[PDB]
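Working through the structure, step by step
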Amino acid sequence: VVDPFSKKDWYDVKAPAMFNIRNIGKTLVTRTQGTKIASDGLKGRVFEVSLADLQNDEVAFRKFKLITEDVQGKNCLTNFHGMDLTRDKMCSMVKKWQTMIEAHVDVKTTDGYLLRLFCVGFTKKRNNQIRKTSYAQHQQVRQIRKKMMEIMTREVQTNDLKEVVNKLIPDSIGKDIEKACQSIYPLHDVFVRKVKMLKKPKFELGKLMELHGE
Amino acid sequence: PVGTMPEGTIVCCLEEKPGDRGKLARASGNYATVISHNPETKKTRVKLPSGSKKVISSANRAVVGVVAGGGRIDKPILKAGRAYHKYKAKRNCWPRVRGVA
Amino acid sequence: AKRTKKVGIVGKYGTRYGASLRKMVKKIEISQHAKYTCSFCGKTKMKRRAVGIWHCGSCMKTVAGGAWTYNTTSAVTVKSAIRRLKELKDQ
Amino acid sequence: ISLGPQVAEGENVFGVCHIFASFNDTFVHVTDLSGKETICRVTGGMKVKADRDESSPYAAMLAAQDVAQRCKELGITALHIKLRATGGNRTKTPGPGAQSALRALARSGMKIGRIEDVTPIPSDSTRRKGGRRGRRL
Amino acid sequence: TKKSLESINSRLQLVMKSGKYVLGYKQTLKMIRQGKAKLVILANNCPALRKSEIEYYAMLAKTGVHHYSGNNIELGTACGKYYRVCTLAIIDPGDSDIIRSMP
Amino acid sequence: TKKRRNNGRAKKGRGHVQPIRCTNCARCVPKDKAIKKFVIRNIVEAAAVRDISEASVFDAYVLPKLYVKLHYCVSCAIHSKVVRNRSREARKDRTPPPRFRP
Amino acid sequence: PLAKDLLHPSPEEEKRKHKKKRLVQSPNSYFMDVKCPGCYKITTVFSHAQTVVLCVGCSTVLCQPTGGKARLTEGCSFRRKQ
Amino acid sequence: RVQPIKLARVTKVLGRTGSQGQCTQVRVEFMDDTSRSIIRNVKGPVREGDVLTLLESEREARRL
RNA sequence: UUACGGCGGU
RNA sequence: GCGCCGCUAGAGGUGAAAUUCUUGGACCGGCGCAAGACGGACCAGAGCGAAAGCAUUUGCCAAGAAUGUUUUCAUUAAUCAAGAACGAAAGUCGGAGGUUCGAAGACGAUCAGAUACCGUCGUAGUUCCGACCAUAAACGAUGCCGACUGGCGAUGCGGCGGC
Ligand SMILES: [Mg+2]
Ligand SMILES: [Zn+2]
Ligand SMILES: [Zn+2]
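Presented here is an overview of the structure given in this document. (Residues numbered from 1 in each chain as written, not as in the entry; some residues may be left out. Chains lettered and ligands numbered in written order. Part of a larger assembly, values for the part shown. Heavy atoms only, no water.)

Further remarks concern the interface of chain F and chain D. The interface of chain F with chain D comprises 23 residues on the first partner and 26 residues on the second. Summing both sides of the interface, chain F and chain D together bury roughly 2000 Å²; the carbon and sulfur share of this comes to 60%. At the junction of chain F with chain D, the criterion picks out ten residue pairs in polar contact. Along the lines of polarity and charge, the residues of the side of chain F that touches chain D split into 15 nonpolar, three polar and five charged. (Contact = heavy atoms within 4.5 Å. Buried area = accessible area lost by both parts, 1.4 Å probe. Polar contact = N/O pair within 3.5 Å; in protein donor to acceptor, adjacent residues only side chain to side chain. Nonpolar A, V, L, I, M, F, W, Y, C, P; charged D, E, K, R; others polar.)

So, on to the protein's contact with RNA strand J. Among the 89 residues in the neighbourhood of RNA strand J, the closest are listed as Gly35(D), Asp124(D), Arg136(D), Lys3(E) and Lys19(G). Sugar and phosphate atoms form 68% of the subset of RNA strand J atoms that lie within 4 Å of the protein. In the environment of RNA strand J, a base nitrogen lies 2.5 Å from a nitrogen or oxygen atom belonging to the side chain of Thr1(E). Residue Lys36(F) places a side-chain N or O atom 2.8 Å away from a phosphate oxygen belonging to RNA strand J. Counting only elements with at least two residues in the surface near RNA strand J, the list comes to β9 (100–107) and α2 (138–157) of chain A. Looking at the surface near RNA strand J, its residues break down into 18 nonpolar, 31 polar and 40 charged. (Near = heavy atom within 4 Å. Helix = DSSP H or I, 4+ residues; strand = E, 2+ residues; numbered from the N terminus.)

On to the pairing of strand β4 (residues 53–57) of chain B, then. Residue and element names in this part refer to chain B. Sheet topology note: the strand β3 (residues 43–47)/β4 ladder contains five bridges and is antiparallel. Of the residues in β4, the one forming a bridge with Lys-47 is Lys-53. Here β3 folds back onto β4, and the loop between the two strands holds five residues, one of which, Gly-51, carries a positive phi near 80°. (Pairing = 2+ DSSP bridges.)

This part covers empty space enclosed by the protein. All names here are of chain A. Counting across every chain of the model gives four cavities of 30 Å³ or more. A volume near 130 Å³ is recorded for the largest cavity. Broken down by secondary-structure element, the contributors of at least two residues to the lining of the largest cavity are β10 (115–122), α3 (161–168) and β11 (191–197). With three residues, α3 is the largest single contributor of residues to the lining of the largest cavity. Classifying every residue of the lining of the largest cavity by side-chain character gives ten nonpolar, no polar and one charged. When its volume is computed, the second largest cavity comes out at roughly 70 Å³. Partitioning the lining of the second largest cavity into residue classes produces eight nonpolar, two polar and no charged. (1 Å grid on protein atoms, 1.4 Å probe; cavity = no way out; pocket = protein on both sides within 12 Å on 5 of 7 lines; lining within 4 Å. Points joined across faces, edges and corners; volume = space filled by probe spheres on them.)

Further remarks concern helix α2 (residues 73–87) of chain C. The end-to-end C-alpha distance of α2(C) is 22 Å, a good match for the 21 Å that 15 residues give at a rise of 1.5 Å each. At the exit of α2(C) stands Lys89(C), carrying a positive phi of roughly 75°. (Expected span 1.5 Å × (residues − 1).)

Written out as structure tokens, the structure is:
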């Protein structure tokens, strides 16, 4: 009898100001009826959105998360929650006869945003190489992996979250641990595989409204 | 109070109602695990030593950890005389004559 | 000398009580009568008082532990997870 | 006029569509962009009365039609695809009702954005229900 | 827990072989109050107010304290002898660099 | 008779390998006897490529591939006919079949 | 090769065998004279060194022991002797 | 739901099929563009180049 | 999907 | 597995089907939490180990081959009755755990019969600790040490030499 799609109304979702496209899409939520208010029914919704429908030229194989932390009327304002690669890219780059190396480190920013970083990388077959296996030795891996997690430990612990995720769209971290490892063994598919969030710092409402600023 | 400790902690001697000065999971070796807080309508559930889960108040004060004296029922009484001494200190209940007899 | 060949501590029960039951006691009984190294003073003086109550011959410090043995394996699993939950997320 | 979001002619709204095309059944469940609010879940086994055909590609075809005829009815106009297999412990290939429920969703008036496979892959866990010598048919 | 804690206790048994030292509580308390003690090493096991005054005397004598991660029976075999020792004081390193280590 | 020089298995300087499980029948095989097949099948089923790209919101969209590794027991590798019985002299080669894509 | 005169090998073939297995065995080691930069002191250091060789007066490090054959620390004056 | 009963001309015949030699795969073209062309299976005698009428156009071909 | 047998000596 | 939401009547499972789970709202979707197992793809006719066997990171500990050697000792060796150490899986006793799987068992099916294959459920068990047991198609169905006797391409670890 009753239609539940009459008692719902459509909101619309905004991105942080560091992105070019600011308007993600349109979620929805039911209307307020007594206790069930229409403001906690949509906080904490994760919007698993890629870069290419969020930037003008940037690649599609990298997606982000963007939890809603606030509603300002019709708008549904978001903050960064994590990123990962799409799985088609994540296992297009895992081929045979190369050694895959990976690392992880738990770093907080200077802003109170304890993160967990995942980075991967692949040994590179050379351009005049004739032998089939471009394998690394285990002590070479243990010092590549020591050098990987050292660099992104710095480039999170430098400054606040806003410059760390902005580092992420560019995804330089992977280029920097590319350039700083190829005097140990040469690498070529060197990405930050997944970023996971662990802490929230008390939810100061002014910090969010700065991130949706100009 | 159990509203502040996080989920999956191990608790003994918890109050079954706020102020009761400690009633649930008290005997030697037992413990209770808290699960699934509810911050509005402040009331949490726990896991009792019988496996029966029970929703209680969120301000039930409770001591963290398991009771000392665990493993007590692993050793056999092993003879009738040490069961005499076991129940001499408790009650008058030990020699239980079968009702058929 | 090698006085007895299987029974050890439960030769005090003699020919009574069963074979599995005497075998079942002689792990618990060698455990409740042992002197353990005290974690607070280093000496092998943790001697069992009443059940669940463990006490030092010197430094005189009473630890409430397991019934037959000093560290119940269920107690160490809890303590290893309690200090995990204290530092993780900081309540 | 309670149903329908606020769109112009050219701008379109996205919702993700979960194509659970395992064996023995097929789901062509669609929901919103956050994945929380279910818009229209219809299942291939709800539109046959045969029970061999819960995972038939023809049941997946007309399940995709009704979910496109109800999505377009509401105001949601284009779909992201998040195809699953069974995954995890079981098989990791999609069933027979994967491509037909995806192709009929394109012929029956619906626009398609990002598609991506999202089946559960473990990091080596959870022994599989066969025994050791497998199922011996 | 794998390779290189032979900075602390393999330098310790080196001083045991070469240099000079005292073991035990009231020997170090004399050495630390006449300035001849260079580096006092406490156990993990020492009682909490005994630790609080040996650290406090080293604040007075401007000497270093190392908090040895190990038991008092574990520091004793790290010295290389069959005692238990909570507190020691080295007064003369042989040729190692315990003092010229991290503290 | 010993049929094959290696025993059907690529272990030489070992004693034990990981056991893996068959894909369709879930049978316990060692990792180096099992018939493996890595499949890079496109997820779009190429007959329906000019039916979704005209419903796409793009003008040149590179379709994702599907990345499935199969690995079979040999009891189901012959029955599903991914391998065929070979003659006793055409058998002593490890070379894979030619591809023939277009 | 039925008539290799295996009492008279060429010295090229003699160099490219093991240090054992030769017709008369002879080691691949040698001794080398090394002028450390800034002194008169010629050092007579062994080639496959295993110790860290230090100089006497200008007491800097001369060579490093490594896998087969010792790597000299500085690019330095150097000659093979006897 | 309601489809036009569409006619379509065949390209090259892909041989018999159907476990009795009863069905022929034909790959029709849909009379309005030759770029839109589905492979389908008919029974009976065919004659390359003629026109047959689909009662409903796109379901399925022969693939396991 | 189901498909089990076939007396002895020549 | 359990919370809290979303939408809806099926879900599951099979060659078919049924036992089963479900408007006290299952399957599905979302976010959280918990627990026990297990370390995918990289992973190979690669590697180590006496054999059994060993794959997630960083880290105390002790060991090992190989190579290098114009060091040392100077036959100390080889195989080995007796006697020892280690030994998959299952198994036993006791203690923690108990997700998955799962002997026994219960039922559904399929069958002329099904105490079997096939399905739902599931005990012992599989996991950790301690004590036992000493067998396997423990297999390269080839004992260990030593020497000599064709070639070629490749691999792995050291060493040396070069555009
Ligand atoms: Mg009685
Ligand atoms: Zn004591
Ligand atoms: Zn199989």
